[PDB]
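J.: Structure incoming, see below.
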Amino acid sequence: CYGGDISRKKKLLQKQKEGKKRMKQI
Amino acid sequence: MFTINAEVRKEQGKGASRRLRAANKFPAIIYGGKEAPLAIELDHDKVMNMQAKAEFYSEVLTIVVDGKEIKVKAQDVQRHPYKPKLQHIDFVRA
Amino acid sequence: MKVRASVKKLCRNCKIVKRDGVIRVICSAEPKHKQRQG
Amino acid sequence: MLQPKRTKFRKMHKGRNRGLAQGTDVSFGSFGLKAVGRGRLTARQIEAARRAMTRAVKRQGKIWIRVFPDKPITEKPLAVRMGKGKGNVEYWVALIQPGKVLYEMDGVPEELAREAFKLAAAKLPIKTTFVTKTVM
Amino acid sequence: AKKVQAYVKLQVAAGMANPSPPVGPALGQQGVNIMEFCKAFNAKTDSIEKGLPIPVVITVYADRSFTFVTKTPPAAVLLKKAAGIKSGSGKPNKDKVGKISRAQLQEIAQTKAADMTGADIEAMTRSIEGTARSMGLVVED
RNA sequence: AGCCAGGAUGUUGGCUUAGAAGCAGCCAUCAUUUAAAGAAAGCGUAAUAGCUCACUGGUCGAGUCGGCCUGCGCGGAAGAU
């Protein structure tokens, strides 16, 4: 869903990045 | 050596001045000496041609009008803000 | 030939030839210089 | 590129841009770019123009630059609902109005000079024109 | 008779007349017989001290006859030779290198009179001075 | 504008390429008989060569040429019944 709220989305992108920081260095 | 056409102005103020500048003429007052200042309506293209030489800013030079041979030096030049055109020029006597 | 938004000359050979209602550019020397739409 | 080192306020109003420039006279140099147009010059614009003009006469000659930015120009982020505060400073710009001189040049051949300003003019958002100092 | 039928000009050094990097394709070859030229030029080698370029007409007819016809040697290589540089101008002409007497390149310039094509002697000697700045050096003046 | 010729010598200018030669990159533009001719114009040759330029000679006879302020024009210009 998209909804248009700002903070409701950057959390998701934050998760998406936070996983990549681990998965890269592994 | 320079010689210049002239006629006395009557109309003055911004409106009449624009009516001249649109008409390929420009205002230019002449003073110096103890006597009263006298504004003149110069032609544009003539002076614009003649002034291009640098000496024009320094050479003593006449301005014919009613045979009185005004004979003056340049004092100031209001160039247009962004066009090869003129606005107004001071002619002090010498 | 590049059409290009602004043709102009390249080679001194280039001639600048209008045809129909549209600009074209030709050079006897190099073929590459052909152009249209200027 | 090129912003004031210190500022009296973090932010500033949009204002307007009515009027005509004072700097209509080449001064530091002998050759110049009068503006004719009206508008904004972002710092990166004047900088790109400066580079394009610097690689032209190369190291010989000299280039004065008349304009300076100091006008902060803020923006809202990517997709926020209006008006929960004025936006943060984004990029400095120098406003201009017609008659403004932009760049000035030192002892360089006039033809090479027109080459240089012909190069630098393309980067600028506004239109320009070449000019010469006049003795008086 | 300066109208050679098939010239390929190439100034040659005194040192040899028939190797390959100097003489040969560099002077071209088509009916040319350098194998005798070794018997030809080296007398002119013997005329004066070695190690200098010797400019020479490459007289070449289609008639199989051909001859070297030596030109008097160029002033510039002679000036690098006297100045003693073992490279070239290297540094800009703003920095002069060579140092020679003023009567020289006039008693030295006179050596080239056979190939100097001006009229006035001093304009000619000055042509040798142009050959002097050609090195990027300038003789004292 | 065209048509007939030269368009240069010292000198491959020093150099940089094992070979820069006007033309692979500099230094520099300096001096030359001569109508005059760039130690350097493009093409081209590995480098050279070779082929057209500025100057000029006749021929042809008279308008031609680069910029300036100007009104109206074209290209830029692709969208869904």
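All residue names refer to the structure tokens as shown: chains lettered A, B, ... in order, residues numbered from 1 in each chain, ligands numbered from 1 in order.
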Contacts of residue 74 of chain B at 12 Å or less, counting only C-alpha atoms (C1' of nucleotides), minus same-chain residues fewer than 6 places along, as number ranges by chain?

T.: B: 2, 28-32, 51, 54-63, 88-94; D: 136

J.: Create the file for the chosen residues now, containing C-alpha atoms and written as a PDB file, in the first residue's frame.

T.:
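New file part_35.pdb:
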ATOM      1  CA  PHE B   2      33.894  68.391 -34.263  1.00  0.00           C
ATOM      2  CA  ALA B  28      21.533  67.133 -23.967  1.00  0.00           C
ATOM      3  CA  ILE B  29      21.830  70.268 -21.851  1.00  0.00           C
ATOM      4  CA  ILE B  30      24.559  72.839 -22.418  1.00  0.00           C
ATOM      5  CA  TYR B  31      25.889  75.104 -19.681  1.00  0.00           C
ATOM      6  CA  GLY B  32      29.059  76.659 -18.332  1.00  0.00           C
ATOM      7  CA  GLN B  51      31.310  59.852 -30.805  1.00  0.00           C
ATOM      8  CA  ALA B  54      37.873  58.318 -28.554  1.00  0.00           C
ATOM      9  CA  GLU B  55      39.054  61.840 -29.338  1.00  0.00           C
ATOM     10  CA  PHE B  56      35.428  62.913 -29.169  1.00  0.00           C
ATOM     11  CA  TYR B  57      35.618  62.731 -25.396  1.00  0.00           C
ATOM     12  CA  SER B  58      38.548  65.153 -25.252  1.00  0.00           C
ATOM     13  CA  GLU B  59      38.638  67.331 -28.355  1.00  0.00           C
ATOM     14  CA  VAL B  60      37.183  70.818 -28.036  1.00  0.00           C
ATOM     15  CA  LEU B  61      34.070  70.836 -30.170  1.00  0.00           C
ATOM     16  CA  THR B  62      31.364  73.156 -31.494  1.00  0.00           C
ATOM     17  CA  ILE B  63      27.605  72.739 -31.406  1.00  0.00           C
ATOM     18  CA  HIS B  88      21.561  62.210 -22.372  1.00  0.00           C
ATOM     19  CA  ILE B  89      24.876  64.083 -22.490  1.00  0.00           C
ATOM     20  CA  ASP B  90      26.382  67.014 -20.623  1.00  0.00           C
ATOM     21  CA  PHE B  91      28.187  69.704 -22.620  1.00  0.00           C
ATOM     22  CA  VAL B  92      30.219  72.074 -20.439  1.00  0.00           C
ATOM     23  CA  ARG B  93      31.600  75.188 -22.161  1.00  0.00           C
ATOM     24  CA  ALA B  94      35.337  75.687 -22.548  1.00  0.00           C
TER      25      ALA B  94
ATOM     26  CA  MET D 136      34.683  57.895 -20.266  1.00  0.00           C
TER      27      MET D 136
END

J.: Can you list, as an MDAnalysis selection string, every residue of segment 55-109 of chain E that DSSP puts in alpha helix (DSSP H)?

T.: chainID E and resid 75:83

J.: Could you take the residues named above and write them with N, CA and C atoms, as an mmCIF file, in the first residue's frame?

T.:
data_model
loop_
_atom_site.group_PDB
_atom_site.id
_atom_site.type_symbol
_atom_site.label_atom_id
_atom_site.label_comp_id
_atom_site.auth_asym_id
_atom_site.auth_seq_id
_atom_site.Cartn_x
_atom_site.Cartn_y
_atom_site.Cartn_z
ATOM 1 N N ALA E 75 73.512 25.751 -41.663
ATOM 2 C CA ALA E 75 74.026 26.522 -40.537
ATOM 3 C C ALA E 75 73.515 26.074 -39.164
ATOM 4 N N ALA E 76 72.304 25.525 -39.101
ATOM 5 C CA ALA E 76 71.681 25.209 -37.811
ATOM 6 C C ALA E 76 72.353 24.042 -37.096
ATOM 7 N N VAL E 77 72.605 22.963 -37.829
ATOM 8 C CA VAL E 77 73.298 21.816 -37.258
ATOM 9 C C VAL E 77 74.726 22.198 -36.879
ATOM 10 N N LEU E 78 75.326 23.080 -37.673
ATOM 11 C CA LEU E 78 76.657 23.599 -37.381
ATOM 12 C C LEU E 78 76.660 24.424 -36.096
ATOM 13 N N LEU E 79 75.561 25.130 -35.845
ATOM 14 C CA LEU E 79 75.441 25.953 -34.646
ATOM 15 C C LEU E 79 75.140 25.130 -33.401
ATOM 16 N N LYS E 80 74.348 24.071 -33.548
ATOM 17 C CA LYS E 80 74.188 23.120 -32.454
ATOM 18 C C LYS E 80 75.518 22.434 -32.189
ATOM 19 N N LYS E 81 76.295 22.275 -33.253
ATOM 20 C CA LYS E 81 77.591 21.622 -33.176
ATOM 21 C C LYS E 81 78.599 22.479 -32.416
ATOM 22 N N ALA E 82 78.616 23.774 -32.713
ATOM 23 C CA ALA E 82 79.533 24.694 -32.054
ATOM 24 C C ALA E 82 79.093 24.971 -30.621
ATOM 25 N N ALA E 83 77.792 25.159 -30.429
ATOM 26 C CA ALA E 83 77.248 25.393 -29.097
ATOM 27 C C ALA E 83 77.408 24.146 -28.241
#

J.: So how many Å separate atom CA of residue 117 of chain D and atom CA of residue 41 of chain D, to one decimal?

T.: 16.2 Å

J.: Between atom CA of residue 12 of chain E and atom CA of residue 69 of chain E, what distance in Å does the model show, to one decimal?

T.: 11.5 Å

J.: So that I can see what lies close to residue 76 of chain F, please list as a PyMOL selection string the residues with an atom at most 10 Å from it, counting only C-alpha atoms (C1' of nucleotides) and leaving out residues fewer than 5 positions away in the same chain.

T.: chain C and resi 4-6+37-38

J.: Which neighbours of residue 95 of chain E fall inside 8 Å, counting only C-alpha atoms (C1' of nucleotides), when residues of the same chain fewer than 2 positions from it are skipped, and could you give them as a PyMOL selection string?

T.: chain E and resi 91-93+97+136-137

J.: Go ahead and save the picked residues with C-alpha atoms, as a PDB file, in the first residue's frame.

T.:
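Contents of the output file part-v2.pdb:
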ATOM      1  CA  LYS E  91      64.045  24.770 -23.287  1.00  0.00           C
ATOM      2  CA  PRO E  92      62.076  27.685 -24.811  1.00  0.00           C
ATOM      3  CA  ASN E  93      63.640  30.172 -27.238  1.00  0.00           C
ATOM      4  CA  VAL E  97      71.991  28.648 -25.323  1.00  0.00           C
ATOM      5  CA  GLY E 136      66.193  28.469 -30.381  1.00  0.00           C
ATOM      6  CA  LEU E 137      69.595  29.978 -29.686  1.00  0.00           C
TER       7      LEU E 137
END

J.: Determine the nearest neighbour of residue 120 of chain E from the options F:36, F:31, F:24, F:8, counting only C-alpha atoms (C1' of nucleotides).

T.: F:31

J.: Give me, as a list in words, all polymer residues having an atom no more than 10 Å from residue 131 of chain D, counting only C-alpha atoms (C1' of nucleotides) and skipping those fewer than 2 positions away in the same chain.

T.: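 Residues near the query, excluding close chain neighbours: residues 82 and 84 of chain B; 24, 25, 26, 30, 31, 32, 33, 34, 101, 104, 114, 128, 129, 133 and 134 of chain D.
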